[PDB]
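Read through the structure below, which is laid out as structure tokens, and then see the notes.
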Amino acid sequence: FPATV
Amino acid sequence: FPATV
Amino acid sequence: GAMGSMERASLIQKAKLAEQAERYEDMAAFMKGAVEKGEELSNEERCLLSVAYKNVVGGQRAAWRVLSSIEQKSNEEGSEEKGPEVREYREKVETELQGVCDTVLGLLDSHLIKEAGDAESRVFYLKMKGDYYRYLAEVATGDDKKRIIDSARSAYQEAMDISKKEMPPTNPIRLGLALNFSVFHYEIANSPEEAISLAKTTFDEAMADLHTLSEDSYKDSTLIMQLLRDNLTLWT
Amino acid sequence: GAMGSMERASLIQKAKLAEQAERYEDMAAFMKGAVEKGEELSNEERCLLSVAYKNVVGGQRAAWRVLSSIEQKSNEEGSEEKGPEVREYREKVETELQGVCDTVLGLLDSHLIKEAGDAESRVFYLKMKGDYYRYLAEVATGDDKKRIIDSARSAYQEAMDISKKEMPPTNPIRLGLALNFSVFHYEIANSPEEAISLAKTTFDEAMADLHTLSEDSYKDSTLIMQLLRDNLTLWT
Ligand SMILES: Cc1ccc(OC(C)(C)C(=O)NCCS)cc1
Ligand SMILES: Cc1ccc(OC(C)(C)C(=O)NCCS)cc1
Ligand SMILES: [Mg+2]
Ligand SMILES: [Mg+2]
Ligand SMILES: [Mg+2]
Ligand SMILES: [Mg+2]
Ligand SMILES: [Mg+2]
Ligand SMILES: [Mg+2]
């Protein structure tokens, strides 16, 4: 999965 | 902590 | 609210304790109680609210993905029929996730967003609104799926418009908003070109503004810039 | 029980799904529902029950220790008074832990132990009874503290007596029982010499019986033997 914050 | 199972 | 009888300051103190104990469900319930006191949140308190719910919903999403994968495999050609249990349990987790997202969206709508006038609070809450609609979108299949996707897009777009007018390009909230709106484009809106363009433009405009920062601000901004680069590497 | 309307086999299937999803609270509730169907458990089903509750209570214990540490620090000389919140939240976690232990002990008493006639089931359940009394003992401070410690000791001792008569010294359940009864002696009963003697004797008697085992049994037994050695290294 791609990075989120 | 010591090991338990 | 089961937290209605506890002092606001004691809810905040207990949310910080729950964080240290990695008890994120408790942390979220304490922060929901604090929001429901009706006063605006400080920057630190908005961080506690977002950390708590991000951890709760993140665990739910990871479980949902495990279960959806199992369910998809069970629906393939040649798989033995295992009955309704996998679907039922995936639905159970899905409904619990939707419940948490509706709770967060409810706090934002009643009444965090309407009282948030400064860019640092209003952008943070509108990013959260886009994030929790995005998690609803990840599991959506019904008549309202396009409307859930558009609700996420609309909240992110309002946040972007404010952040571009009111925050420097290195502001960590602006950067994190752009990170997540870019992921929305890639994963939810089937727009990988828009996702890549937004991540690249956000990274480059932040790079050009790093020279204005202190060492501590530089550390904060470059951490999120590295997440943008990580996604670009994943996608290109 | 909220699980009273679900088929036993579907509860077992869902417990396995919850394990794959790392949803241990759900796993435990599914296994509680399965136990409450009233039939005896198979070896695999006893494993699912013990894995679920060990993970739930393990998280609670780790949180309790974080909170107790904070509380002890707040009660030291020179610490600023922070009010009742740390104690209250430590009590909240403690009460939730006690509730889970009482639930497991209730399943064992109604009616898992009384129907368990084979050594592999009866020793497993009596070890669990000693384990959950031990977790109650870790947080106990009242009039009944010595009785909670003795309940743990008594359950472990009955399990040991059966295991020595009915199981080979390499049996993984016998080994795990001895591992945990040794930890009971060291941490709970203030008997480090008994803890070390039991771990050493258990290790040596298992070593001498490894030659009777298949490769797969050897792998199972030596894994637990290494935990005995790890504790001995920690204690000597
Ligand atoms: C919108 C947003 C932007 C930056 C953030 O920074 C990191 C990821 C370093 C963080 O953990 N902050 C504390 C929680 S507010 C988080 C959220
Ligand atoms: C009493 C006991 C003895 C051996 C065990 O073996 C390990 C730790 C390898 C395990 O995870 N077993 C599956 C859960 S039954 C566990 C419990
Ligand atoms: Mg007040
Ligand atoms: Mg659904
Ligand atoms: Mg553009
Ligand atoms: Mg039936
Ligand atoms: Mg108490
Ligand atoms: Mg002896």
Side-chain angles (χ1 to χ4, degrees), chain B, chain D residues 46-47 50-51 53-55 57-58 61-62 64-66 68-69 123-124 127-128 130-132 134-135 138 152 156 159 171-188 192 195-196 198-199 202-203 220-221 223-236:
Chain B
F1 49 91
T4 54
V5 302
Chain D
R46 291 190 292 275
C47 277
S50 71
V51 163
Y53 280 105
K54 171 172 173 64
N55 273 273
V57 79
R61 289 160 72 212
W64 185 95
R65 287 178 191 202
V66 166
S68 289
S69 175
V123 176
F124 192 95
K127 176 184 167 294
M128 292 188 44
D131 286 339
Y132 286 84
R134 170 162 60 85
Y135 305 149
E138 289 178 337
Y156 282 135
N171 179 284
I173 298 164
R174 179 166 170 180
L175 290 178
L177 164 67
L179 182 78
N180 288 17
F181 192 24
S182 165
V183 166
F184 167 83
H185 288 305
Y186 195 92
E187 293 205 311
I188 312 297
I196 287 159
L198 176 58
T202 301
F203 182 97
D220 293 335
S221 295
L223 187 83
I224 306 167
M225 288 174 67
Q226 183 62 50
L227 301 176
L228 290 164
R229 174 129 62 187
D230 289 343
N231 286 355
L232 285 164
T233 294
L234 193 51
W235 294 340
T236 62

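Chain letters run A, B, ... following the sequence lines, proteins first and then strands; every chain starts at 1.
Test D/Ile173, D/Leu179, D/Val183 against B/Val5 for side-chain contact (heavy atoms from CB on, under 4.5 Å) and you get one pass: D/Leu179.
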What are the atom names and distances for all donor-acceptor pairs below 3.5 Å between chain B and chain D?
| residue | atom | partner | partner atom | Å |
| --- | --- | --- | --- | --- |
| B/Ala3 | N | D/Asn231 | OD1 | 2.8 |
| B/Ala3 | O | D/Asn231 | ND2 | 3.0 |
| B/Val5 | N | D/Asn180 | OD1 | 2.9 |
| B/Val5 | O | D/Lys127 | NZ | 2.7 |
| B/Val5 | O | D/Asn180 | ND2 | 2.8 |

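To the nearest 0.5 Å, atom CG of residue D/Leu223 and atom CG of residue D/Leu227 are 6.0 Å apart.
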